[PDB]
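I have placed the structure first, in the form of structure tokens, so that the comments after it can refer back to it.
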Amino acid sequence: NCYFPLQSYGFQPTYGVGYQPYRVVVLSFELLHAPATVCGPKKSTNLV
Amino acid sequence: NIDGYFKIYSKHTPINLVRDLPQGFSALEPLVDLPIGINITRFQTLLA
Ligand SMILES: *[C@@H]1O[C@H](CO)[C@@H](O)[C@H](O)[C@H]1NC(C)=O
């Protein structure tokens, strides 16, 4: 009942629709306590 | 340091004087603004 706590993944090109490897990104952000150093792009138009 | 933004304004001007801070007048232009957020309580320079 001792267990080494990790278990390495197995990813072969033969596996079914579940076992296979999927990459993840989480755009985590912690919000609204400080001055801004990022926003999205501020699109613009021709000068009449 | 204003509401989480640091600001530098500066000048360089030519002189000919021996001793004291030259009597006369010029303004400083704003050079750079940075959103650093830190508490500047105190400071030091850097010699070479
Ligand atoms: C600056 O000081 C205030 C007052 O203690 C504090 O609320 C704030 O978190 C401080 N910020 C830093 C980066 O020291």
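If you're wondering about the labels, chains in the structure tokens are A, B, ... by order shown, residues count from 1 in each chain, ligands from 1 in order shown.
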Query - Distance-based interface of chain B with chain A, 8 Å, counting only C-alpha atoms, as a list in words - result: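 Every residue meeting the condition is included here: residues 3, 4, 5, 35, 36 and 37 of chain B.
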Query raised in the report: How many Å separate CA of residue 23 (chain A) from CA of residue 3 (chain A)?
Result: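 Value for the CA of residue 23 (chain A)-CA of residue 3 (chain A) distance: 27.4 Å.
Atom to atom, CA of residue 40 (chain B) and atom 12 (C, counted along the ligand's line) of ligand 1 stand 8.6 Å apart.
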Query raised in the report: Taking the backbone alone, and naming residues the way the document does, which bits of chain B are strand (DSSP E) by DSSP, as JSON, numbers by chain?
Result: {"B": [6, 7, 8, 9, 10, 29, 30, 31, 32, 33, 34]}
Restricting the output to N, CA and C atoms, write the selected residues as a PDB file, in the first residue's frame.
ATOM      1  N   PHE B   6       5.349  54.616 -13.454  1.00  0.00           N
ATOM      2  CA  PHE B   6       6.551  55.422 -13.337  1.00  0.00           C
ATOM      3  C   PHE B   6       6.717  56.258 -14.595  1.00  0.00           C
ATOM      4  N   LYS B   7       7.316  57.437 -14.455  1.00  0.00           N
ATOM      5  CA  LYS B   7       7.542  58.388 -15.545  1.00  0.00           C
ATOM      6  C   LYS B   7       8.924  59.016 -15.406  1.00  0.00           C
ATOM      7  N   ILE B   8       9.635  59.129 -16.524  1.00  0.00           N
ATOM      8  CA  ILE B   8      10.884  59.880 -16.649  1.00  0.00           C
ATOM      9  C   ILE B   8      10.709  61.041 -17.612  1.00  0.00           C
ATOM     10  N   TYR B   9      11.039  62.233 -17.143  1.00  0.00           N
ATOM     11  CA  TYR B   9      11.210  63.425 -17.965  1.00  0.00           C
ATOM     12  C   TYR B   9      12.666  63.845 -17.882  1.00  0.00           C
ATOM     13  N   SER B  10      13.283  64.291 -18.969  1.00  0.00           N
ATOM     14  CA  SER B  10      14.707  64.630 -18.968  1.00  0.00           C
ATOM     15  C   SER B  10      15.091  65.755 -19.916  1.00  0.00           C
ATOM     16  N   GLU B  29      11.514  67.475 -21.237  1.00  0.00           N
ATOM     17  CA  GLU B  29      10.569  66.703 -22.045  1.00  0.00           C
ATOM     18  C   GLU B  29      10.297  65.321 -21.424  1.00  0.00           C
ATOM     19  N   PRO B  30       9.087  64.747 -21.531  1.00  0.00           N
ATOM     20  CA  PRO B  30       8.828  63.379 -21.103  1.00  0.00           C
ATOM     21  C   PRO B  30       9.526  62.402 -22.046  1.00  0.00           C
ATOM     22  N   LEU B  31      10.376  61.539 -21.500  1.00  0.00           N
ATOM     23  CA  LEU B  31      11.165  60.589 -22.275  1.00  0.00           C
ATOM     24  C   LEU B  31      10.503  59.211 -22.315  1.00  0.00           C
ATOM     25  N   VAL B  32      10.100  58.671 -21.165  1.00  0.00           N
ATOM     26  CA  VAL B  32       9.532  57.319 -21.077  1.00  0.00           C
ATOM     27  C   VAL B  32       8.551  57.190 -19.915  1.00  0.00           C
ATOM     28  N   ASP B  33       7.533  56.352 -20.102  1.00  0.00           N
ATOM     29  CA  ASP B  33       6.486  56.012 -19.135  1.00  0.00           C
ATOM     30  C   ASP B  33       6.359  54.481 -19.029  1.00  0.00           C
ATOM     31  N   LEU B  34       6.392  53.914 -17.815  1.00  0.00           N
ATOM     32  CA  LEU B  34       6.385  52.464 -17.585  1.00  0.00           C
ATOM     33  C   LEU B  34       5.386  52.042 -16.486  1.00  0.00           C
TER      34      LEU B  34
END
Requested in this report: Give me, please, the distance in Å between CA of residue 33 (chain A) and atom 8 (C, counted along the ligand's line) of ligand 1, quoted to one decimal.
Outcome: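 According to the coordinates, CA of residue 33 (chain A) and atom 8 (C, counted along the ligand's line) of ligand 1 are separated by 9.8 Å.
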Query raised in the report: Hey, which of B:11, B:41, B:22, B:27 ends up closest to ligand 1? Count only C-alpha atoms and all ligand atoms.
Result: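 Checking each of B:11, B:41, B:22, B:27 against ligand 1, counting only C-alpha atoms and all ligand atoms, the winner is B:41.
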Requested in this report: Would you mind telling me which residue in B:1, B:39, B:18, B:13 lies nearest to ligand 1 when using only C-alpha atoms and all ligand atoms?
Outcome: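 Closest to ligand 1 of all the choices is B:39.
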